[PDB]
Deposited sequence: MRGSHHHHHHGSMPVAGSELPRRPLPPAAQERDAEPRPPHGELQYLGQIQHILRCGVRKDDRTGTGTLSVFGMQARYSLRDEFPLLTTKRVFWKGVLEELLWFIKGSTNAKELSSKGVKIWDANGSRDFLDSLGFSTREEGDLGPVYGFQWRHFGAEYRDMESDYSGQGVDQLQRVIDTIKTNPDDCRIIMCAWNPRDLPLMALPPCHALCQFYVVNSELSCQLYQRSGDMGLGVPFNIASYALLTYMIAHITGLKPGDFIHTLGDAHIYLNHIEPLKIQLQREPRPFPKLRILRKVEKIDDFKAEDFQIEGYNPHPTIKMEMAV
């Protein structure tokens, strides 16, 4: 019968704390606080939030797209996932001074930083084979050979690449950690949109830990979410007020449906979310 304190309670309490204690400014207008941390257990559960329906197909296709090393919004949009599309549009690139760049070209965003770190970005169709540091593979290789290493870090915040990117990274850095055959990951997110992005961000890095745990032969342990600037847009306060009234249902489980040897070999069909019973969708105006 009795269940552990649901992990969603940490998110909802970060909401209620920003609503109660945050200070107001602009950017549509925000309530904001600086410095938060929550710990989401990954052991026999998957922290896909239940107090609204989170866009799981979005989370999954987006990560498969990072791992592929794509920086082309259209490669994701073609999977039915539109979330990067406004950032690669003609006007949006133009208004950043990227007028010679083709539609969709996001510059050196996550997929590039993860697979080609430090290489010279040209364009999104370019071939980067064996340029840059493949941080993701190095991470996997170190977990498999020295799991006690205290420098297992993948870096997305690259100061040289900021002026080339269609969006500055929300996510600065990941650190991985292994104890007793369990893999944890802590994400430093320098800026979080709490209503609209964070529930998605939480599912993303939890899924990346599951995938890494899978290919390194380990068990998923915790996902530690650390925020810098944590903000709620004002147009989200009322919907969040309603979200807070709802009771979390038990987290679902994530099944991986076959043995996968390499990280580039995961496909969308290898994943099954099971027993996901969310409260109804909440639309937050982006």
So which bits of the deposited chain never got modelled? 1-34, 62-64, 324-325
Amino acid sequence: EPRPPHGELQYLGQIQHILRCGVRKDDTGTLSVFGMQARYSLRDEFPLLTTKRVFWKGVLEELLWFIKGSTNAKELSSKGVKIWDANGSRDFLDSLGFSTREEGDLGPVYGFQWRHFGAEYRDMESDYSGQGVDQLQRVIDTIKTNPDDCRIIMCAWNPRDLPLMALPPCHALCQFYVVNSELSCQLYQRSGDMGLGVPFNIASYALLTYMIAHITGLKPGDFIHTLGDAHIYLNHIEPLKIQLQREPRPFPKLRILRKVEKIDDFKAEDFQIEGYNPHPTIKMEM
From here on, numbers count along this sequence of modelled residues.
Between 122-130 and 107-115 (mean CA B-factor, as deposited), the higher: 122-130
Mean C-alpha B factor from the entry: is it higher for 240-248 or for 219-227? 240-248
Third assignment of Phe176 from its chain's C-alpha B-factors: lowest
Splitting the chain's C-alpha B-factors into thirds, which one does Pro278 fall into? middle
Considering every modelled residue of the chain and its Cα B-factor in the PDB entry, is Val59 in the lowest, middle or highest third? lowest
Ordered by C-alpha B-factor within the chain, which third holds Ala86? Give me lowest, middle or highest, please. highest
Lowest, middle or highest third: where is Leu12 by Cα B-factor in its chain? lowest
